Structures are given as structure tokens and as C-alpha cells.
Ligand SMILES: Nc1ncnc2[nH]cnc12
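Take a look at this one chain, the form deposited without the ligand, written out in C-alpha cells.
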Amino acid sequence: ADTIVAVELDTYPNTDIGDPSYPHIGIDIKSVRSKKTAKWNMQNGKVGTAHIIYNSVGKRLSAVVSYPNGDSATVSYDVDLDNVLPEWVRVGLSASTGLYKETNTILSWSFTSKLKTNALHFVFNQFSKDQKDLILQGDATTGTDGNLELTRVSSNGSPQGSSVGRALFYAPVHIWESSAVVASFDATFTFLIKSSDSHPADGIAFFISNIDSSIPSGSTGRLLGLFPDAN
């Protein structure tokens, strides 16, 4: 099984696998049942922002999700990523729909990792049809609206259930190094989740996995394309 560290933007409470009884942002350490979560009012059809921040000094993995009006959810978790993640990882995005669904749209994604100095930095404020520095997975596609649609969409712009999609930066990232004095990464991505369903599902995750990581089978819905299961 993949090793996973995720921030999750979780639109659909699955309270029978850990979720709080609300949409939430959550920090995920090797598990779908978030180490730490926070109430998050996912704003339908509004374009939202995720910042994820971590460094090996403070050893707090942080995440905000805000929307243009200011409503803002913060989750922090105190964890030493050096002990969870392998030295080398791929960094990526993941979204999933279940029995409920939504567009899981990414309008930009940037990522910096730094070892103090080696550094990788990418920003995608657009995406292309053939996004050669992204590895797309499952239902995920780019172009030509310069967006990345993590889960399936349907001719007329309609979110498809049971979809799971994932983009990963193509370069593995050197995410810690034992001699590094500071190992930090941060990620930002803007997303537009629009649903018309009774309830949106299941959300979007930023993630850091072992390099070769791929969707686990049937990890659509509540497993957000990160976990084989909800253990």
C-alpha cells in the first residue's frame, strides 16, 4: 500500500468512518480517518483556496481553505513527516465522487519544497491538454479551459459519480533529507467544487505519497482516491 499524507477538503461527512458530522478540512496521516479535522463550509460553485504549509522545525502540518468572502477553515496537526514519509515522494492532487458528486475542479496548483538548499518549485495557474509534467490518474483530465478536472465531467459540465482522479507532479520530490536543517514544503491550489446534488461528495485532497503511488482500487467516494480502505 501507498504511504499517504493528505490534506483533505471533505465535502461529504461519512461519520461511520471517522468524519465529523459536517463537511471539513482534515489532515490525513497514512489514514482516511483524519488525525485532525475542522468544520468547513464548502461554498457551492464558489472558487476556493487551499494552502498547505509544513516545515521540519515547527513540525506542524497546516492547512487553510478560504473563499473569496473570507470564510476560512484552519486545521493544524503536530506530526513529524520524516517518520511517516519516505525521503522521496510525489506530490499531487486527488478528488473523488461517490453516490454523491460534484465537480472537483483545480484552477491552479503551486508547490514548493525546500531542503536547507535544494528546492523544487512549480506553479500551475493553468493546465494544458498534454500536461507533460503532470502524471494524470484515473478520471483526471486537463485542458483546454486551463483547468484540471480531477473527477469525470460530462459534455455539458456535469459531475459524474464514482469518479476518482489525481494529478501528481512528474518529478519525485526530495521531501526530507536527514542532514537537512530545514525541510519545508507548502502547496496552494484553487478549486471550484460545484454540485447540484442533494449533497456534494466527496471532496479534494492535496497529497504526498511514495513516488510510484497510484489510486488504490475502488477508492472513490469517501476514500478520496488515497486509501485502499477506511482503516
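Numbers for residues come from their place in the sequence shown, where the first is 1.
J.: Select one of none, 1 to 3, 4 to 9, or 10 or more to describe the deposited residues without coordinates separating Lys116 and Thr117.
T.: Gap between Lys116 and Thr117: 4 to 9 residues without coordinates.
J.: Quick check on the record: does 106-114 or 132-140 carry the larger mean Cα temperature factor?
T.: The recorded data point to 132-140.
J.: So, looking at the entry's B-factor column for Cα atoms, which has the higher mean, 214-222 or 5-13?
T.: Higher of the two, by average CA B-factor, is 214-222.
J.: Among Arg60, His51, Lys35, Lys194, which carries the highest Cα B-factor?
T.: So the option with the highest C-alpha B-factor is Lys194.
J.: Could you tell me which one of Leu93, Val123, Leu99, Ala73 shows the highest CA temperature factor in the PDB record?
T.: Among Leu93, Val123, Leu99, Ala73, the highest C-alpha B-factor in the entry belongs to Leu99.
J.: Please place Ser184 in the lowest, middle or highest third of its chain by C-alpha B factor as given in the entry.
T.: As the PDB entry reports it, the C-alpha B-factor of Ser184 lands in the lowest third of its chain.
J.: Which third of the chain does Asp82 land in by C-alpha B-factor: lowest, middle or highest?
T.: As the PDB entry reports it, the C-alpha B-factor of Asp82 lands in the highest third of its chain.
J.: Where does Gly26 sit by CA temperature factor within its chain: lowest, middle or highest third?
T.: For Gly26, the deposited C-alpha B-factor lands in the lowest third.
J.: Taking the entry's C-alpha B-factors for this chain, is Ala201 in the lowest, middle or highest third?
T.: Its C-alpha B-factor, which the entry lists for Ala201, ranks in the middle third among residues of this chain.
J.: Within this chain, which third does the Cα B-factor at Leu168 fall in: lowest, middle or highest?
T.: Answer is lowest: the recorded C-alpha B-factor places it there.
One more form of this protein should be noted, the form deposited with the ligand bound, which is absent from this view; the next part is about it.
J.: In the entry with it bound, does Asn14 have a heavy atom within 4.5 Å of the ligand?
T.: Answer yes; at least one heavy atom of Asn14 falls within 4.5 Å of the ligand in the entry with it bound.
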